[PDB]
$ cat query14.cif   # mmCIF, C-alpha atoms
data_protein
loop_
_atom_site.group_PDB
_atom_site.id
_atom_site.type_symbol
_atom_site.label_atom_id
_atom_site.label_comp_id
_atom_site.auth_asym_id
_atom_site.auth_seq_id
_atom_site.Cartn_x
_atom_site.Cartn_y
_atom_site.Cartn_z
ATOM 1 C CA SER A 1 -25.681 38.230 91.958
ATOM 2 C CA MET A 2 -23.967 35.851 89.535
ATOM 3 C CA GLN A 3 -25.982 33.342 87.507
ATOM 4 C CA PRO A 4 -26.379 30.690 86.666
ATOM 5 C CA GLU A 5 -26.078 29.492 90.264
ATOM 6 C CA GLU A 6 -24.675 26.169 89.058
ATOM 7 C CA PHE A 7 -21.874 28.005 87.253
ATOM 8 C CA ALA A 8 -21.637 30.957 89.639
ATOM 9 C CA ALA A 9 -18.368 32.757 90.376
ATOM 10 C CA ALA A 10 -17.435 31.565 93.864
ATOM 11 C CA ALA A 11 -14.228 33.607 93.756
ATOM 12 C CA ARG A 12 -14.233 34.916 97.326
ATOM 13 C CA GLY A 13 -11.370 37.388 97.051
ATOM 14 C CA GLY A 14 -12.522 40.688 95.600
ATOM 15 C CA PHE A 15 -14.156 40.487 92.179
ATOM 16 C CA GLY A 16 -12.738 38.122 89.577
ATOM 17 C CA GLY A 17 -14.235 39.816 86.542
ATOM 18 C CA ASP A 18 -17.449 40.889 88.253
ATOM 19 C CA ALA A 19 -17.122 44.676 88.149
ATOM 20 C CA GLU A 20 -20.068 44.754 90.555
ATOM 21 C CA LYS A 21 -18.031 43.139 93.334
ATOM 22 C CA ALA A 22 -15.313 45.789 93.083
ATOM 23 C CA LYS A 23 -18.108 48.353 93.376
ATOM 24 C CA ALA A 24 -19.941 47.028 96.434
ATOM 25 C CA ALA A 25 -16.847 45.553 98.082
ATOM 26 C CA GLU A 26 -14.956 48.840 97.781
ATOM 27 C CA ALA A 27 -18.098 50.628 98.963
ATOM 28 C CA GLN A 28 -18.148 48.731 102.259
ATOM 29 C CA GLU A 29 -14.680 50.108 102.995
ATOM 30 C CA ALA A 30 -15.114 53.582 101.509
ATOM 31 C CA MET A 31 -18.220 53.838 103.690
ATOM 32 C CA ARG A 32 -15.778 54.221 106.580
ATOM 33 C CA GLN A 33 -16.047 57.964 105.958
ATOM 34 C CA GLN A 34 -19.685 57.856 107.062
ATOM 35 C CA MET A 35 -20.903 61.310 106.033
ATOM 36 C CA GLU A 36 -22.715 63.374 103.403
ATOM 37 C CA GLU A 37 -21.299 63.161 99.879
ATOM 38 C CA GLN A 38 -23.768 63.666 97.030
ATOM 39 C CA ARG A 39 -25.125 66.429 99.264
ATOM 40 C CA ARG A 40 -22.136 67.971 101.041
ATOM 41 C CA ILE A 41 -19.370 66.882 98.669
ATOM 42 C CA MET A 42 -21.567 68.211 95.863
ATOM 43 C CA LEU A 43 -22.632 71.334 97.757
ATOM 44 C CA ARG A 44 -18.983 72.405 97.780
ATOM 45 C CA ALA A 45 -18.351 71.494 94.141
ATOM 46 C CA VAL A 46 -20.319 74.649 93.337
ATOM 47 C CA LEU A 47 -17.771 77.220 94.505
ATOM 48 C CA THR A 48 -14.003 76.906 94.100
ATOM 49 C CA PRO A 49 -10.768 78.516 95.359
ATOM 50 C CA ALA A 50 -8.064 80.183 93.266
ATOM 51 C CA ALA A 51 -5.463 77.429 93.586
ATOM 52 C CA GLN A 52 -5.718 76.897 89.829
ATOM 53 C CA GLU A 53 -3.464 79.949 89.549
ATOM 54 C CA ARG A 54 -0.322 78.692 91.285
ATOM 55 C CA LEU A 55 -1.132 75.255 89.866
ATOM 56 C CA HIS A 56 -1.312 76.507 86.278
ATOM 57 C CA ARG A 57 2.028 78.245 86.824
ATOM 58 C CA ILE A 58 4.033 75.588 88.662
ATOM 59 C CA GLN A 59 2.619 73.132 86.125
ATOM 60 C CA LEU A 60 3.470 75.395 83.188
ATOM 61 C CA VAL A 61 7.107 74.480 83.821
ATOM 62 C CA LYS A 62 6.742 71.118 85.560
ATOM 63 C CA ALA A 63 4.864 69.185 82.876
ATOM 64 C CA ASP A 64 6.046 65.704 83.851
ATOM 65 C CA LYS A 65 5.576 66.687 87.495
ATOM 66 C CA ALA A 66 2.156 68.166 86.733
ATOM 67 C CA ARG A 67 0.788 64.864 85.433
ATOM 68 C CA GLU A 68 1.540 63.218 88.778
ATOM 69 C CA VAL A 69 0.158 66.186 90.716
ATOM 70 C CA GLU A 70 -3.132 66.147 88.809
ATOM 71 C CA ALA A 71 -3.596 62.426 89.446
ATOM 72 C CA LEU A 72 -4.454 63.268 93.055
ATOM 73 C CA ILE A 73 -6.322 66.540 92.542
ATOM 74 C CA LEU A 74 -8.371 64.564 90.018
ATOM 75 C CA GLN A 75 -10.315 63.320 93.041
ATOM 76 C CA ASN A 76 -10.578 66.731 94.705
ATOM 77 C CA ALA A 77 -10.645 69.605 92.213
ATOM 78 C CA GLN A 78 -13.080 67.643 90.048
ATOM 79 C CA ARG A 79 -14.793 65.700 92.833
ATOM 80 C CA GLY A 80 -16.155 69.033 94.021
ATOM 81 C CA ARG A 81 -13.647 69.853 96.750
ATOM 82 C CA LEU A 82 -14.280 67.189 99.391
ATOM 83 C CA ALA A 83 -13.234 69.633 102.111
ATOM 84 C CA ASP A 84 -13.764 66.721 104.500
ATOM 85 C CA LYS A 85 -12.867 63.286 103.131
ATOM 86 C CA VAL A 86 -9.793 64.669 101.367
ATOM 87 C CA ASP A 87 -7.458 61.872 100.277
ATOM 88 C CA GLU A 88 -4.080 61.328 101.939
ATOM 89 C CA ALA A 89 -1.925 61.748 98.832
ATOM 90 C CA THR A 90 -3.292 65.285 98.546
ATOM 91 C CA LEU A 91 -0.730 66.416 101.119
ATOM 92 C CA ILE A 92 1.900 63.869 100.093
ATOM 93 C CA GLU A 93 2.298 65.730 96.800
ATOM 94 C CA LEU A 94 1.914 69.246 98.199
ATOM 95 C CA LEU A 95 4.989 68.435 100.287
ATOM 96 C CA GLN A 96 6.804 66.503 97.559
ATOM 97 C CA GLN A 97 7.144 69.748 95.605
ATOM 98 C CA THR A 98 7.652 72.159 98.502
ATOM 99 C CA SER A 99 5.833 71.681 101.808
ATOM 100 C CA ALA A 100 7.058 75.182 102.647
ATOM 101 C CA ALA A 101 9.923 76.145 100.338
ATOM 102 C CA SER A 102 12.425 74.089 98.343
ATOM 103 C CA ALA A 103 11.324 73.151 94.826
ATOM 104 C CA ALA A 104 13.227 70.851 92.469
ATOM 105 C CA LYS A 105 13.214 67.055 92.709
ATOM 106 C CA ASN A 106 15.388 65.103 90.273
ATOM 107 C CA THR A 107 14.182 65.865 86.746
ATOM 108 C CA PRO A 108 14.082 66.585 84.033
ATOM 109 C CA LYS A 109 17.776 65.783 84.460
ATOM 110 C CA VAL A 110 17.785 68.608 87.007
ATOM 111 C CA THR A 111 19.673 66.618 89.640
ATOM 112 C CA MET A 112 23.400 67.362 89.493
ATOM 113 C CA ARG A 113 24.200 63.905 90.863
ATOM 114 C CA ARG A 114 22.941 63.378 94.413
ATOM 115 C CA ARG A 115 20.564 66.079 95.649
ATOM 116 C CA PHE A 116 20.596 67.733 99.074
ATOM 117 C CA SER A 117 18.173 69.064 101.689
ATOM 118 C CA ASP A 118 17.348 72.463 100.196
ATOM 119 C CA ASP A 119 16.553 73.818 103.660
ATOM 120 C CA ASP A 120 19.842 72.478 105.023
ATOM 121 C CA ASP A 121 21.916 73.724 102.086
ATOM 122 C CA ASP A 122 20.305 77.101 102.771
ATOM 123 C CA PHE A 123 21.342 78.081 99.244
#
$ encode --input "query14.cif" --output "structure tokens"
Amino acid sequence: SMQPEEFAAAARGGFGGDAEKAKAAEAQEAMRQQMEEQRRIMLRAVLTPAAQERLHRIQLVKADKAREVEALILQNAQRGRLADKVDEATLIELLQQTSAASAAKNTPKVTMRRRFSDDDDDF
């Protein structure tokens, strides 16, 4: 789908300017999920949990940390709650802040030089 044929793309790598390629190409892979989206994924979008609460709070203080946390949820809270094809980073962040109980990371300038396993420190 790139004319003229004489001066076609012939990239053979991913896209090379042709936004279309990135669309279809990525689709072939994303299709791995093989399931209902516009129907199921959308059917869930309707309702919504109350996570916004804790999120609005934890984010109220962790601004810089909230921007990185929203990056992921951006494809879940807005995507209509996949509740099936949930990304992988979704949990990576939920644990980066406190998989169970810990909090704190290393900013803003909150790290007193070399952190420590909160759980271990038991303090």
$ resolve_selection --input "query14.cif" --expression "the PyMOL selection byres ((chain A and resi 72) around 10)" --output "ChimeraX atom specification"
/A:67-71,73-77,86-93
$ write_last_selection --input "query14.cif" --atoms "C-alpha atoms" --output "compact mmCIF listing (two decimals), in the coordinates of the input"
# COMPACT_ATOMS: atom_id res chain seq x y z
CA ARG A 67 0.79 64.86 85.43
CA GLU A 68 1.54 63.22 88.78
CA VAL A 69 0.16 66.19 90.72
CA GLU A 70 -3.13 66.15 88.81
CA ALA A 71 -3.60 62.43 89.45
CA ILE A 73 -6.32 66.54 92.54
CA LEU A 74 -8.37 64.56 90.02
CA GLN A 75 -10.32 63.32 93.04
CA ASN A 76 -10.58 66.73 94.70
CA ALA A 77 -10.64 69.60 92.21
CA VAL A 86 -9.79 64.67 101.37
CA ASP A 87 -7.46 61.87 100.28
CA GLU A 88 -4.08 61.33 101.94
CA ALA A 89 -1.92 61.75 98.83
CA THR A 90 -3.29 65.28 98.55
CA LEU A 91 -0.73 66.42 101.12
CA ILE A 92 1.90 63.87 100.09
CA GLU A 93 2.30 65.73 96.80
$ residues_around --input "query14.cif" --residues "residue 104 of chain A" --least-positions-apart "5" --cutoff "10 Å" --atoms "only C-alpha atoms" --output "ChimeraX atom specification"
/A:62,96-98,110-111,115,118
$ resolve_selection --input "query14.cif" --expression "the PyMOL selection byres ((chain A and resi 45-49) around 8)" --output "PyMOL selection string"
chain A and resi 41-44+50-52+78-82
$ residues_around --input "query14.cif" --residues "residue 18 of chain A" --least-positions-apart "5" --cutoff "12 Å" --atoms "all atoms listed in the file" --output "PyMOL selection string"
chain A and resi 1-3+8-13+23-25
$ atom_distance --input "query14.cif" --atom1 "atom CA of residue 64 of chain A" --atom2 "atom CA of residue 109 of chain A"
11.7 Å
$ atom_distance --input "query14.cif" --atom1 "atom CA of residue 56 of chain A" --atom2 "atom CA of residue 103 of chain A"
15.6 Å
$ atom_distance --input "query14.cif" --atom1 "atom CA of residue 40 of chain A" --atom2 "atom CA of residue 21 of chain A"
26.3 Å
$ closest_residue --input "query14.cif" --among "A:15, A:6, A:85, A:65" --to "residue 34 of chain A" --atoms "all atoms listed in the file"
A:85
$ closest_residue --input "query14.cif" --among "A:83, A:5, A:22, A:112" --to "residue 36 of chain A" --atoms "all atoms listed in the file"
A:83
$ closest_residue --input "query14.cif" --among "A:33, A:7, A:102, A:28" --to "residue 116 of chain A" --atoms "all atoms listed in the file"
A:102
